[PDB]
file input.txt (compact mmCIF, C-alpha atoms (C1' of nucleotides))
# COMPACT_ATOMS: atom_id res chain seq x y z
CA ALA O 25 156.21 172.95 91.33
CA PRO O 26 157.96 174.23 88.22
CA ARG O 27 157.37 177.79 89.46
CA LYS O 28 158.02 176.87 93.12
CA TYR O 29 161.55 178.29 93.30
CA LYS O 30 163.29 181.24 94.93
CA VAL O 31 166.03 183.09 93.05
CA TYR O 32 169.06 184.86 94.51
CA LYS O 33 172.65 185.84 93.73
CA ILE O 34 175.93 184.48 95.07
CA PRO O 35 179.13 186.38 94.20
CA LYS O 36 182.10 185.23 92.16
CA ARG O 37 185.65 184.73 93.38
CA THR O 38 186.98 187.46 91.05
CA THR O 39 184.12 189.68 89.82
CA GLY O 40 180.42 189.43 89.06
CA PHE O 41 177.65 187.26 90.45
CA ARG O 42 175.86 184.00 89.65
CA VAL O 43 172.10 183.48 89.74
CA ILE O 44 170.73 180.48 91.65
CA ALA O 45 167.16 179.21 92.13
CA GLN O 46 166.72 177.09 95.25
CA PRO O 47 163.44 175.11 95.23
CA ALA O 48 160.75 175.17 97.91
CA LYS O 49 160.74 172.66 100.75
CA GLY O 50 157.65 170.68 99.77
CA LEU O 51 158.79 170.07 96.21
CA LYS O 52 162.30 169.45 97.55
CA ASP O 53 160.95 166.54 99.59
CA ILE O 54 158.78 165.35 96.69
CA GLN O 55 161.74 165.24 94.31
CA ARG O 56 163.90 163.48 96.91
CA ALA O 57 161.16 160.86 97.28
CA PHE O 58 161.01 160.53 93.49
CA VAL O 59 164.79 160.06 93.37
CA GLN O 60 164.56 157.30 95.97
CA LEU O 61 161.62 155.64 94.23
CA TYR O 62 163.46 155.15 90.92
CA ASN O 63 167.25 155.17 90.56
CA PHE O 64 168.47 156.36 87.20
CA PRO O 65 171.17 154.71 85.07
CA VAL O 66 174.52 156.46 85.41
CA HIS O 67 177.96 155.91 83.90
CA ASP O 68 181.01 155.18 86.04
CA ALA O 69 183.08 157.94 84.43
CA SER O 70 180.60 160.49 85.86
CA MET O 71 182.63 160.98 89.04
CA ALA O 72 180.49 163.76 90.48
CA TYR O 73 177.37 163.81 92.68
CA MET O 74 177.57 160.14 93.68
CA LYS O 75 178.38 158.22 96.83
CA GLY O 76 182.06 157.80 97.63
CA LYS O 77 183.61 158.97 94.36
CA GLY O 78 184.68 162.55 95.01
CA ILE O 79 186.99 165.10 93.45
CA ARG O 80 190.05 163.07 94.45
CA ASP O 81 188.97 160.04 92.42
CA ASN O 82 187.98 162.14 89.40
CA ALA O 83 191.37 163.87 89.43
CA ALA O 84 193.26 160.61 90.03
CA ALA O 85 191.61 159.00 87.01
CA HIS O 86 194.06 161.12 84.98
CA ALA O 87 197.05 160.95 87.33
CA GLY O 88 198.90 158.38 85.22
CA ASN O 89 198.69 160.22 81.90
CA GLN O 90 201.02 162.82 80.40
CA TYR O 91 198.75 164.50 77.82
CA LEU O 92 195.54 166.07 79.14
CA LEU O 93 192.59 167.61 77.30
CA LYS O 94 189.18 168.75 78.34
CA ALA O 95 186.11 170.67 77.28
CA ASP O 96 183.33 172.39 79.21
CA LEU O 97 179.71 172.03 78.16
CA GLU O 98 178.21 175.46 77.53
CA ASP O 99 175.23 176.15 79.81
CA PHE O 100 175.01 172.60 81.11
CA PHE O 101 172.11 172.72 83.57
CA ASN O 102 169.84 175.30 81.93
CA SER O 103 169.88 173.50 78.56
CA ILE O 104 168.19 170.32 79.83
CA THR O 105 164.44 170.29 79.14
CA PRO O 106 161.57 167.76 79.14
CA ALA O 107 162.47 166.63 75.62
CA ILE O 108 165.99 165.59 76.61
CA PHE O 109 164.73 163.70 79.67
CA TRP O 110 162.04 161.80 77.77
CA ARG O 111 164.32 160.98 74.83
CA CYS O 112 166.88 159.62 77.30
CA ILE O 113 164.19 157.54 79.01
CA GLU O 114 162.86 156.17 75.72
CA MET O 115 166.31 155.28 74.42
CA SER O 116 167.21 153.63 77.75
CA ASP O 127 151.02 159.86 84.46
CA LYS O 128 154.22 161.38 83.07
CA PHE O 129 153.05 165.01 83.30
CA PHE O 130 153.53 165.23 87.07
CA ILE O 131 157.10 164.03 86.54
CA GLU O 132 157.62 167.07 84.31
CA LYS O 133 156.07 169.26 87.01
CA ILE O 134 158.24 167.88 89.82
CA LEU O 135 161.56 167.75 87.99
CA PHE O 136 161.82 171.16 86.34
CA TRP O 137 162.06 174.92 86.93
CA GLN O 138 160.24 177.83 85.28
CA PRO O 139 162.41 180.99 85.42
CA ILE O 140 159.92 183.08 83.39
CA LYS O 141 156.41 183.94 84.56
CA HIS O 142 154.99 183.65 81.02
CA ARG O 143 157.02 180.78 79.51
CA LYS O 144 155.09 177.76 80.76
CA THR O 145 157.23 175.58 78.47
CA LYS O 146 160.62 177.09 79.43
CA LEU O 147 161.45 174.23 81.79
CA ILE O 148 165.06 173.65 82.89
CA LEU O 149 167.06 172.18 85.74
CA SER O 150 168.48 174.56 88.33
CA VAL O 151 171.75 174.08 90.18
CA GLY O 152 169.92 174.45 93.49
CA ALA O 153 167.51 171.57 92.87
CA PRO O 154 168.77 168.59 94.93
CA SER O 155 167.39 166.32 92.19
CA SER O 156 169.29 168.23 89.50
CA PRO O 157 172.49 166.16 89.90
CA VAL O 158 170.67 162.85 89.38
CA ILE O 159 168.88 164.04 86.24
CA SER O 160 172.08 165.62 84.91
CA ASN O 161 173.95 162.33 85.31
CA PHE O 162 171.04 160.37 83.83
CA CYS O 163 170.78 162.53 80.70
CA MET O 164 174.31 161.51 79.66
CA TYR O 165 174.29 157.76 80.20
CA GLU O 166 174.68 156.84 76.53
CA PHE O 167 176.83 159.90 75.88
CA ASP O 168 179.29 158.64 78.49
CA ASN O 169 178.88 155.07 77.21
CA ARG O 170 179.93 155.91 73.65
CA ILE O 171 182.55 158.52 74.57
CA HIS O 172 184.26 156.18 77.04
CA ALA O 173 184.04 153.25 74.61
CA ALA O 174 185.76 155.33 71.93
CA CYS O 175 188.33 156.63 74.41
CA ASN O 176 189.30 153.18 75.71
CA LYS O 177 189.40 151.98 72.10
CA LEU O 178 192.11 154.61 71.49
CA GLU O 179 193.71 154.25 74.96
CA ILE O 180 192.16 157.35 76.54
CA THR O 181 190.92 157.82 80.11
CA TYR O 182 187.77 159.95 80.28
CA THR O 183 185.85 161.37 83.24
CA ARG O 184 183.23 164.08 83.69
CA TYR O 185 182.82 166.34 86.72
CA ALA O 186 179.47 167.84 85.80
CA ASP O 187 180.37 170.44 83.10
CA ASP O 188 184.01 169.28 82.93
CA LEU O 189 184.56 166.55 80.31
CA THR O 190 188.17 165.47 80.86
CA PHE O 191 190.27 163.17 78.66
CA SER O 192 193.86 162.02 79.07
CA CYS O 193 196.32 159.74 77.32
CA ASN O 194 200.00 158.90 76.87
CA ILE O 195 200.02 158.34 73.08
CA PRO O 196 200.81 161.67 71.34
CA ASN O 197 198.47 163.28 68.82
CA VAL O 198 195.37 161.25 69.67
CA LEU O 199 193.27 163.65 71.77
CA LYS O 200 193.32 166.02 68.78
CA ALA O 201 190.41 164.19 67.17
CA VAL O 202 188.55 163.92 70.49
CA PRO O 203 187.05 167.46 70.50
CA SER O 204 185.43 167.01 67.09
CA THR O 205 184.22 163.55 68.11
CA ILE O 206 182.43 165.04 71.11
CA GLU O 207 180.53 167.55 68.99
CA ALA O 208 179.41 164.92 66.51
CA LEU O 209 178.10 162.60 69.20
CA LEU O 210 176.33 165.49 70.93
CA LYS O 211 174.42 166.37 67.78
CA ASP O 212 173.33 162.74 67.44
CA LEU O 213 172.14 162.41 71.04
CA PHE O 214 170.59 165.69 72.21
CA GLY O 215 169.49 166.98 68.82
CA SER O 216 171.07 170.43 68.68
CA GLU O 217 170.08 171.77 72.12
CA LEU O 218 173.03 171.12 74.43
CA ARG O 219 176.27 172.42 72.94
CA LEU O 220 179.97 172.50 73.78
CA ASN O 221 181.99 175.59 74.76
CA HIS O 222 184.77 175.89 72.19
CA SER O 223 186.19 178.88 74.08
CA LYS O 224 187.12 176.79 77.14
CA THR O 225 188.56 173.69 75.41
CA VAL O 226 192.07 173.30 76.82
CA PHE O 227 194.99 171.10 75.77
CA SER O 228 197.91 170.58 78.14
CA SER O 229 200.86 168.26 78.71
CA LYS O 230 203.57 167.67 81.28
CA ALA O 231 204.94 171.03 80.06
CA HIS O 232 202.08 173.12 81.48
CA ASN O 233 199.81 173.41 84.52
CA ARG O 234 197.56 170.37 84.35
CA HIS O 235 194.78 170.07 86.92
CA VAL O 236 191.43 168.26 87.06
CA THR O 237 188.50 169.87 88.90
CA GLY O 238 190.79 172.15 90.90
CA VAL O 239 193.14 169.35 91.98
CA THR O 240 196.58 169.89 90.48
CA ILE O 241 198.33 166.99 88.76
CA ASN O 242 202.07 167.35 89.25
CA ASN O 243 204.76 166.08 86.86
CA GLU O 244 205.10 162.84 88.88
CA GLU O 245 201.62 161.40 88.25
CA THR O 246 200.31 162.15 91.75
CA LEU O 247 197.52 164.42 92.94
CA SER O 248 198.61 167.68 94.56
CA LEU O 249 197.18 170.88 95.99
CA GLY O 250 199.38 173.00 93.72
CA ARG O 251 202.28 175.17 94.83
CA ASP O 252 199.87 178.12 95.03
CA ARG O 253 197.81 176.60 97.85
CA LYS O 254 200.76 174.74 99.36
CA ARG O 255 202.25 178.20 99.96
CA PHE O 256 199.00 179.98 100.83
CA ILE O 257 198.00 177.50 103.52
CA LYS O 258 201.40 177.49 104.95
CA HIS O 259 201.53 181.26 105.31
CA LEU O 260 198.21 180.79 107.11
CA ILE O 261 199.84 178.16 109.34
CA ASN O 262 202.80 180.45 110.05
CA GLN O 263 200.28 183.10 111.09
CA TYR O 264 198.43 180.67 113.37
CA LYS O 265 201.84 179.94 114.89
CA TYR O 266 201.81 183.52 116.22
CA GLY O 267 198.01 183.53 116.56
CA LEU O 268 197.45 186.37 114.09
CA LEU O 269 194.28 184.88 112.58
CA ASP O 270 190.66 185.43 113.64
CA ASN O 271 187.68 183.16 114.39
CA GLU O 272 186.34 182.89 110.84
CA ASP O 273 189.89 182.96 109.45
CA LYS O 274 190.98 180.18 111.82
CA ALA O 275 187.98 178.07 110.82
CA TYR O 276 188.86 178.76 107.18
CA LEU O 277 192.40 177.52 107.79
CA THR O 278 190.99 174.44 109.53
CA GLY O 279 188.75 173.66 106.56
CA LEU O 280 191.58 174.17 104.08
CA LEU O 281 193.87 171.90 106.09
CA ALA O 282 191.12 169.27 106.09
CA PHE O 283 190.81 169.60 102.31
CA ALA O 284 194.58 169.25 101.92
CA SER O 285 194.49 166.19 104.18
CA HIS O 286 191.86 164.60 101.95
CA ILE O 287 193.51 165.34 98.61
CA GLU O 288 197.21 165.30 99.59
CA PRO O 289 197.73 163.53 102.94
CA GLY O 290 201.48 163.73 102.40
CA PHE O 291 201.27 167.50 102.65
CA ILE O 292 199.60 167.18 106.06
CA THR O 293 202.30 164.75 107.20
CA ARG O 294 205.00 167.16 106.01
CA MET O 295 203.29 170.07 107.77
CA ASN O 296 203.20 168.00 110.96
CA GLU O 297 206.91 167.29 110.60
CA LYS O 298 207.41 171.01 109.96
CA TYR O 299 206.16 172.23 113.36
CA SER O 300 204.48 169.52 115.47
CA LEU O 301 201.54 167.11 115.78
CA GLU O 302 199.63 168.83 118.60
CA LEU O 303 199.43 172.05 116.56
CA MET O 304 197.28 170.44 113.87
CA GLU O 305 195.26 168.39 116.36
CA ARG O 306 194.29 171.73 117.92
CA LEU O 307 193.08 172.80 114.47
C1' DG H 1 164.01 186.70 80.13
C1' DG H 2 165.14 191.06 79.58
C1' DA H 3 164.14 197.56 81.72
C1' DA H 4 166.49 202.19 80.26
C1' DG H 5 169.17 204.32 77.62
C1' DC H 6 172.47 204.17 74.11
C1' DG H 7 174.81 203.14 70.11
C1' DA H 8 175.97 199.89 65.79
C1' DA H 9 174.34 198.49 61.25
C1' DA H 10 171.79 199.21 57.68
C1' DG H 11 168.76 201.43 54.48
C1' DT H 12 166.28 205.42 52.35
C1' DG H 13 165.63 210.45 51.61
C1' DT H 14 167.42 215.46 51.36
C1' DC H 15 169.58 218.71 49.40
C1' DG H 16 173.61 221.59 48.14
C1' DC H 17 176.66 221.87 44.31
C1' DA H 18 177.78 221.34 39.71
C1' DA H 19 176.78 220.80 34.66
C1' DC H 20 174.38 222.25 31.17
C1' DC H 21 170.80 224.39 28.35
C1' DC H 22 168.13 228.39 26.43
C1' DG H 23 166.58 232.73 25.76
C1' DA H 24 167.94 237.82 26.13
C1' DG H 25 170.97 241.94 25.41
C1' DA H 26 174.45 245.72 23.90
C1' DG H 27 176.12 246.16 20.18
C1' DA H 28 181.44 243.78 16.55
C1' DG H 29 183.39 246.46 12.79
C1' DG H 30 183.44 246.86 9.28
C1' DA H 31 179.01 246.95 4.63
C1' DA H 32 172.95 246.31 7.15
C1' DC H 33 172.22 243.67 10.80
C1' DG H 34 174.83 242.71 14.57
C1' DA H 35 180.02 237.54 16.06
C1' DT H 36 180.80 237.13 20.43
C1' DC H 37 180.78 237.70 25.39
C1' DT H 38 178.02 237.89 29.06
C1' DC H 39 173.22 237.79 32.46
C1' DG H 40 169.87 235.48 34.29
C1' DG H 41 166.04 231.16 35.10
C1' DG H 42 165.71 226.75 35.13
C1' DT H 43 166.27 221.53 34.71
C1' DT H 44 168.78 217.39 35.74
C1' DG H 45 172.53 214.55 37.88
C1' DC H 46 174.89 213.01 41.90
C1' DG H 47 176.84 211.71 45.70
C1' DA H 48 177.63 213.19 50.90
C1' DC H 49 175.52 213.15 54.58
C1' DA H 50 170.81 213.04 57.61
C1' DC H 51 167.31 210.82 59.24
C1' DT H 52 164.55 206.13 60.09
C1' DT H 53 164.64 201.61 61.74
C1' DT H 54 165.96 197.41 64.03
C1' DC H 55 169.12 194.81 67.25
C1' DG H 56 171.19 194.11 71.07
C1' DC H 57 173.98 195.13 75.19
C1' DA H 58 172.22 193.45 80.48
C1' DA H 59 169.68 196.45 85.39
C1' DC H 60 166.32 193.25 88.56
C1' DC H 61 165.91 189.02 91.40
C1' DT H 62 156.35 187.18 98.13
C1' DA H 63 158.70 182.19 98.39
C1' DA H 64 166.88 181.15 101.04
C1' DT H 65 170.12 180.56 104.63
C1' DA H 66 173.03 181.90 107.90
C1' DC H 67 179.92 176.25 111.75
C1' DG H 68 184.45 176.31 108.36
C1' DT H 69 186.62 174.27 103.65
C1' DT H 70 186.69 172.30 98.38
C1' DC H 71 183.96 171.43 93.69
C1' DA H 72 180.30 171.90 89.64
call {"tool": "encode", "arguments": {"input": "input.txt", "output": "structure tokens"}}
result
Amino acid sequence: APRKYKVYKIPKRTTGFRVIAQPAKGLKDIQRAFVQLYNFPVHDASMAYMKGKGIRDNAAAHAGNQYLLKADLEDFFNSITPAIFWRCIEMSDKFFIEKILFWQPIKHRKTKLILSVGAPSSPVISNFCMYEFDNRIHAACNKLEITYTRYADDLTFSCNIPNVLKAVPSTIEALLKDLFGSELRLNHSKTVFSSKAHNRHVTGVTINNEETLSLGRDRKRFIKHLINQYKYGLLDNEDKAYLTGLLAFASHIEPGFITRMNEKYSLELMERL
DNA sequence: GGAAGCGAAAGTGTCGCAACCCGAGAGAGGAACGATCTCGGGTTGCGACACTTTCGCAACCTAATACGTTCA
């Protein structure tokens, strides 16, 4: 149900906590069944929370560009409400859909209905809400030779032609106010411009100055200190599993790094882990 | 959304301090009746605070889960 959620805190990698609301099991299954019953329109540029297309593809969409820009939607999930969903459906019996889809974080606000990050159905509705937003933004971008993707609160644009992304921020805002009234809003504090002169990266994947995806020198040094420790067996159980997971991540994003690590010490060492 | 306590921002009220008036009063200095100089109550102005009010920061999480990573 809308109130059938459980709230908790998960910490942050630097300081502070984040508040999550995982649904109950029965409504979890009900919303999964609803997701299966009707598939929602989704734009290709939304390379997040879909089969196959992962972080690597979203970051590689901008590999072959030298000027990078992006903005972060302010309070993405919690802004979506019944009105946004139904306007999106109309633009292209219904009360139980409202009940199943949404969350009520306040005991008194029966109408304060929003998507939670925990909800397994939240990704599908989030992608569905911006089907025309992505349509128009990508149409404009490709009209001006701009590659645009969105990793779920990370609207990324890239291009090679100088002084074109400058108008893109404003564009975004305008379109937003046409589509979702004035409810969902951008985060002007996070908007970042970068070039081949600074530290570009999309969704955590670094983009080096040679138009290839990379783990970044930071990690490439961190999980090689970890490997040098494993060489002398100075890790632990959880730490060793952490190194294994990080090596798997580096294999997925930058297989060349794994090959070079193998050449560094051996093949059997990484088969062991 | 927001408790508990605290403080910012703003607005209104208090209240010394000053300015000024208006009678009194001993008595110029020489001519009587007394200019001037003061001693007081008392009223009004006038701005520096002092108090009153509202806003807004952000604690908390009967309903989870519990191989390791990444990423919203």
call {"tool": "residues_around", "arguments": {"input": "input.txt", "residues": "region 160-171 of chain O", "least_positions_apart": "5", "cutoff": "8 Å", "atoms": "only C-alpha atoms (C1' of nucleotides)", "output": "mmCIF file with C-alpha atoms, in the coordinates of the input"}}
result
data_model
loop_
_atom_site.group_PDB
_atom_site.id
_atom_site.type_symbol
_atom_site.label_atom_id
_atom_site.label_comp_id
_atom_site.auth_asym_id
_atom_site.auth_seq_id
_atom_site.Cartn_x
_atom_site.Cartn_y
_atom_site.Cartn_z
ATOM 1 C CA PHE O 64 168.470 156.360 87.200
ATOM 2 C CA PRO O 65 171.170 154.710 85.070
ATOM 3 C CA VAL O 66 174.520 156.460 85.410
ATOM 4 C CA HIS O 67 177.960 155.910 83.900
ATOM 5 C CA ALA O 69 183.080 157.940 84.430
ATOM 6 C CA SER O 70 180.600 160.490 85.860
ATOM 7 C CA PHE O 101 172.110 172.720 83.570
ATOM 8 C CA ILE O 104 168.190 170.320 79.830
ATOM 9 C CA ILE O 108 165.990 165.590 76.610
ATOM 10 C CA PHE O 109 164.730 163.700 79.670
ATOM 11 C CA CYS O 112 166.880 159.620 77.300
ATOM 12 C CA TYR O 182 187.770 159.950 80.280
ATOM 13 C CA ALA O 186 179.470 167.840 85.800
ATOM 14 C CA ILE O 206 182.430 165.040 71.110
ATOM 15 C CA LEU O 209 178.100 162.600 69.200
ATOM 16 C CA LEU O 210 176.330 165.490 70.930
ATOM 17 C CA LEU O 213 172.140 162.410 71.040
#
call {"tool": "closest_residue", "arguments": {"input": "input.txt", "among": "H:17, H:24, H:4, H:10", "to": "residue 52 (chain H)", "atoms": "all atoms listed in the file"}}
result
H:10
call {"tool": "residues_around", "arguments": {"input": "input.txt", "residues": "residue 149 (chain O)", "least_positions_apart": "3", "cutoff": "8 Å", "atoms": "only C-alpha atoms (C1' of nucleotides)", "output": "PyMOL selection string"}}
result
chain O and resi 101-105+135-137+153+156
call {"tool": "residues_around", "arguments": {"input": "input.txt", "residues": "residue 60 (chain H)", "least_positions_apart": "6", "cutoff": "12 Å", "atoms": "all atoms listed in the file", "output": "MDAnalysis selection string"}}
result
(chainID O and resid 31:33 43) or (chainID H and resid 1:3)
call {"tool": "interface_residues", "arguments": {"input": "input.txt", "of": "chain O", "to": "chain H", "cutoff": "10 Å", "atoms": "all atoms listed in the file", "output": "number ranges by chain"}}
result
O: 28-33, 43-48, 72-73, 78-79, 139-143, 151, 157, 185-188, 237-239, 271-284, 286-287
call {"tool": "write_last_selection", "arguments": {"input": "input.txt", "atoms": "C-alpha atoms", "output": "PDB file, in the coordinates of the input"}}
result
ATOM      1  CA  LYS O  28     158.020 176.870  93.120  1.00  0.00           C
ATOM      2  CA  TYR O  29     161.550 178.290  93.300  1.00  0.00           C
ATOM      3  CA  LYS O  30     163.290 181.240  94.930  1.00  0.00           C
ATOM      4  CA  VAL O  31     166.030 183.090  93.050  1.00  0.00           C
ATOM      5  CA  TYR O  32     169.060 184.860  94.510  1.00  0.00           C
ATOM      6  CA  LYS O  33     172.650 185.840  93.730  1.00  0.00           C
ATOM      7  CA  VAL O  43     172.100 183.480  89.740  1.00  0.00           C
ATOM      8  CA  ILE O  44     170.730 180.480  91.650  1.00  0.00           C
ATOM      9  CA  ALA O  45     167.160 179.210  92.130  1.00  0.00           C
ATOM     10  CA  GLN O  46     166.720 177.090  95.250  1.00  0.00           C
ATOM     11  CA  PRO O  47     163.440 175.110  95.230  1.00  0.00           C
ATOM     12  CA  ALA O  48     160.750 175.170  97.910  1.00  0.00           C
ATOM     13  CA  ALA O  72     180.490 163.760  90.480  1.00  0.00           C
ATOM     14  CA  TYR O  73     177.370 163.810  92.680  1.00  0.00           C
ATOM     15  CA  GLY O  78     184.680 162.550  95.010  1.00  0.00           C
ATOM     16  CA  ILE O  79     186.990 165.100  93.450  1.00  0.00           C
ATOM     17  CA  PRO O 139     162.410 180.990  85.420  1.00  0.00           C
ATOM     18  CA  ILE O 140     159.920 183.080  83.390  1.00  0.00           C
ATOM     19  CA  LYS O 141     156.410 183.940  84.560  1.00  0.00           C
ATOM     20  CA  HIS O 142     154.990 183.650  81.020  1.00  0.00           C
ATOM     21  CA  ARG O 143     157.020 180.780  79.510  1.00  0.00           C
ATOM     22  CA  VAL O 151     171.750 174.080  90.180  1.00  0.00           C
ATOM     23  CA  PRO O 157     172.490 166.160  89.900  1.00  0.00           C
ATOM     24  CA  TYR O 185     182.820 166.340  86.720  1.00  0.00           C
ATOM     25  CA  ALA O 186     179.470 167.840  85.800  1.00  0.00           C
ATOM     26  CA  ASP O 187     180.370 170.440  83.100  1.00  0.00           C
ATOM     27  CA  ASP O 188     184.010 169.280  82.930  1.00  0.00           C
ATOM     28  CA  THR O 237     188.500 169.870  88.900  1.00  0.00           C
ATOM     29  CA  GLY O 238     190.790 172.150  90.900  1.00  0.00           C
ATOM     30  CA  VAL O 239     193.140 169.350  91.980  1.00  0.00           C
ATOM     31  CA  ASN O 271     187.680 183.160 114.390  1.00  0.00           C
ATOM     32  CA  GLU O 272     186.340 182.890 110.840  1.00  0.00           C
ATOM     33  CA  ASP O 273     189.890 182.960 109.450  1.00  0.00           C
ATOM     34  CA  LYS O 274     190.980 180.180 111.820  1.00  0.00           C
ATOM     35  CA  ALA O 275     187.980 178.070 110.820  1.00  0.00           C
ATOM     36  CA  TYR O 276     188.860 178.760 107.180  1.00  0.00           C
ATOM     37  CA  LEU O 277     192.400 177.520 107.790  1.00  0.00           C
ATOM     38  CA  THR O 278     190.990 174.440 109.530  1.00  0.00           C
ATOM     39  CA  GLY O 279     188.750 173.660 106.560  1.00  0.00           C
ATOM     40  CA  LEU O 280     191.580 174.170 104.080  1.00  0.00           C
ATOM     41  CA  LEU O 281     193.870 171.900 106.090  1.00  0.00           C
ATOM     42  CA  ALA O 282     191.120 169.270 106.090  1.00  0.00           C
ATOM     43  CA  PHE O 283     190.810 169.600 102.310  1.00  0.00           C
ATOM     44  CA  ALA O 284     194.580 169.250 101.920  1.00  0.00           C
ATOM     45  CA  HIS O 286     191.860 164.600 101.950  1.00  0.00           C
ATOM     46  CA  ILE O 287     193.510 165.340  98.610  1.00  0.00           C
TER      47      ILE O 287
END
call {"tool": "build_atoms", "arguments": {"input": "input.txt", "residues": "region 212-224 of chain O", "atoms": "N, CA, C and O atoms", "output": "compact mmCIF listing (two decimals), in the frame of the given file"}}
result
# COMPACT_ATOMS: atom_id res chain seq x y z
N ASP O 212 174.14 163.94 67.63
CA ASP O 212 173.33 162.74 67.44
C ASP O 212 172.41 162.51 68.63
O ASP O 212 171.26 162.12 68.46
N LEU O 213 172.90 162.79 69.84
CA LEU O 213 172.14 162.41 71.04
C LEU O 213 171.08 163.44 71.39
O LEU O 213 169.88 163.17 71.31
N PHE O 214 171.51 164.64 71.79
CA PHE O 214 170.59 165.69 72.21
C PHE O 214 170.33 166.67 71.07
O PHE O 214 170.54 167.87 71.20
N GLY O 215 169.85 166.14 69.95
CA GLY O 215 169.49 166.98 68.82
C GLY O 215 170.52 168.05 68.54
O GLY O 215 171.64 167.76 68.11
N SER O 216 170.14 169.31 68.77
CA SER O 216 171.07 170.43 68.68
C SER O 216 170.85 171.41 69.83
O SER O 216 171.06 172.62 69.66
N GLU O 217 170.43 170.91 70.99
CA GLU O 217 170.08 171.77 72.12
C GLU O 217 171.27 172.02 73.04
O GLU O 217 171.65 173.18 73.26
N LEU O 218 171.86 170.97 73.59
CA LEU O 218 173.03 171.12 74.43
C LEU O 218 174.27 171.16 73.55
O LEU O 218 174.44 170.33 72.65
N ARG O 219 175.15 172.13 73.81
CA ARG O 219 176.27 172.42 72.94
C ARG O 219 177.54 172.62 73.77
O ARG O 219 177.48 172.98 74.94
N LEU O 220 178.68 172.37 73.13
CA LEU O 220 179.97 172.50 73.78
C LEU O 220 180.41 173.96 73.81
O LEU O 220 179.82 174.82 73.15
N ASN O 221 181.44 174.24 74.60
CA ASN O 221 181.99 175.59 74.76
C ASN O 221 183.39 175.59 74.16
O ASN O 221 184.38 175.30 74.85
N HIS O 222 183.48 175.92 72.87
CA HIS O 222 184.77 175.89 72.19
C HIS O 222 185.76 176.88 72.78
O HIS O 222 186.97 176.74 72.57
N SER O 223 185.28 177.89 73.51
CA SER O 223 186.19 178.88 74.08
C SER O 223 187.01 178.29 75.22
O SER O 223 188.15 178.71 75.44
N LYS O 224 186.46 177.33 75.96
CA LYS O 224 187.12 176.79 77.14
C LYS O 224 188.00 175.58 76.85
O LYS O 224 188.85 175.24 77.68
